[PDB]
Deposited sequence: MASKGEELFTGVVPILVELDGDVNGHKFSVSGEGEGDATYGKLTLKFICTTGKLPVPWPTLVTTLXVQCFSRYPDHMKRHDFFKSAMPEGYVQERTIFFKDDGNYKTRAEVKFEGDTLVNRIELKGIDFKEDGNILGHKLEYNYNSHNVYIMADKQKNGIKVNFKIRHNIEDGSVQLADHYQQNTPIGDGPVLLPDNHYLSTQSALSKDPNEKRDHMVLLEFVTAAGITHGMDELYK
């Protein structure tokens, strides 16, 4: 019943990529019934030092639509409201890597995603710091498996970012989610989330920002 209607979402990120510090604030709404998300982010420290598309996966999988027959595999919602911790190591092929740690939980009636990100070893002339990424996103499947020892799940997937010249920059994701609370949680059978994302800009917004629409549905179990 926490995810029954539209839920307000607040996101906050503090990062450092190669010595450059920035912060991002975001606000939106989620509807797990449709598996839809609408979020708007603003770089609150000026201009974002890395391309916006690279932060999409870091900037709330509890909003996925789990079909009724897959209800018992919803680790994300089952960990609420105490929330869970999401950690990732994102490896950019032939470039650097982001290490992130986030706590996602309810604070009042709002679902909050608080993140700290550290990126290192990025090439000054690569696609990321060189800003050679198109402002768009492709569709990917997010694989999930239970990590029983940790009372959580382990997730893995690969994102393909389109580069301006027509090629593609791969970003390998290694994710780990563990609950914040001390009680039992729902450990899933292997399945994946079919995720799709669309980026745009609010034509009236003067600040550096990204408008994100995302649809996510679980699949893989019959």
(Q) I have the full deposited sequence and the modelled structure. Can you tell me which residue ranges, counted from 1, have no C-alpha coordinates? (A) 1-6, 66, 230-237
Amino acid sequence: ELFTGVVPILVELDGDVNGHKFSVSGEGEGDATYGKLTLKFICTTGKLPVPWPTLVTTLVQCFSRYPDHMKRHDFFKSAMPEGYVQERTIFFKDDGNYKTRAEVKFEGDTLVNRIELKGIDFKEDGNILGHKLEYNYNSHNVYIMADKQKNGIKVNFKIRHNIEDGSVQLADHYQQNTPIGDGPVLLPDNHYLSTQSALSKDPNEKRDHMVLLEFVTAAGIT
From here on, numbers count along this sequence of modelled residues.
Q: On mean C-alpha B-factor from the PDB entry, just flag whether 29-37 or 163-171 is the higher one.
A: 163-171
Q: Give the stretch, out of 7-15 and 204-212, with the larger mean C-alpha temperature factor in the deposited entry.
A: 204-212
Q | Selection from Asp121, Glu124, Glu134, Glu103 [criterion: highest C-alpha temperature factor in the record] | A | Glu124
Q.
Using only the C-alpha B-factors in the record, can you name which of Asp95, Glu116, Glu87, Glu107 has the highest?
A. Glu107
Q) By its CA B factor, does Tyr66 count among the lowest, middle or highest third of the modelled residues in the chain? A) highest
**Q.** B-factor third for the C-alpha atom of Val112 within its chain
**A.** middle
Q) Once the chain's modelled residues are ordered by C-alpha B factor and cut into thirds, is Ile144 in the lowest, middle or highest one? A) middle
(Q) Quick check for you: using the entry's CA B-factors within this chain, is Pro53 in the lowest, middle or highest third? (A) lowest
Q) By the record's CA B-factor, is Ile153 among the lowest, middle or highest third of residues in the chain? A) middle
